[PDB]
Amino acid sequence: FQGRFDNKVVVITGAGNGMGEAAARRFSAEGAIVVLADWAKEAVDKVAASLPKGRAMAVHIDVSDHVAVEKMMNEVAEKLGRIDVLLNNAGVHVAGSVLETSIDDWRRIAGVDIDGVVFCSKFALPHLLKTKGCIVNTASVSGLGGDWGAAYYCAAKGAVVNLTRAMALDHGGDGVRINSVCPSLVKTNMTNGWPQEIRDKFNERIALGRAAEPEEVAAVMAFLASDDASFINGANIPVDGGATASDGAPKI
């Protein structure tokens, strides 16, 4: 894998979260120039400073802001001369049915989880078309099926999963492949803090019996951006240890 992404420019939104950092490190190890784009400063600055000098840069972005996103994509292309890979990894979650969640909760979910993927993809694509680059969306198993108690989140991830399909049809023939990863439970500080009773309920539904490490999702992002994935287009790859392979029946 040494040199798989040598001198490729990889723009990573939501670069300051577990999967974002793992993606930045994996692509960086394989020779990429990473742009770590996030709202928050501290996390992406710390990651960028850990990576080879001149091969990583941190930016502030609100992915829900189309004017800011267009500017970021054009400045990155101007400064680095190219964009090869977009990882749409920004995310917000809010828990609840539509009865437990507000219009504001909807706007927060929709702005980042839907509008961010639409805007970053639309404004990166002209650059990707020049390099025959690709997009990898961070969707979710929550976009392939429903959850109890995350209605707006499921709507937004459902939008990303089907937008991945539609855009793959629109652009794949012009040499830009568009795919998603659909993770389940990812080991984070939030999941490390869960009681055993909660964590055991999740592990029972996943045949592999554990949460994904963020490196395990990053690995699939790197594969989907690689020449080995040359015939994978419009795919929403479950990275879920078997979660969505079930018909919903309990394990007996």
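We number the residues from 1 along the sequence you see.
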- Note on the structure: Between 7-15 and 224-232, the record assigns the higher mean Cα B factor to 7-15
- Message: Using only C-alpha atoms and the B-factors in the entry, which stretch averages higher, 131-139 or 69-77?
- Response: 69-77
- Could you tell me which one of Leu51, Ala32, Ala219, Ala37 shows the highest CA temperature factor in the PDB record? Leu51
- Item | C-alpha B-factor winner, where the candidates are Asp113, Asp170, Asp104, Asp84 | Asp104
- Item | Lowest, middle or highest third - CA B-factor, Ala156 | lowest
- Place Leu99 in the lowest, middle or highest third of its chain's C-alpha B-factors, as listed in the PDB entry. highest
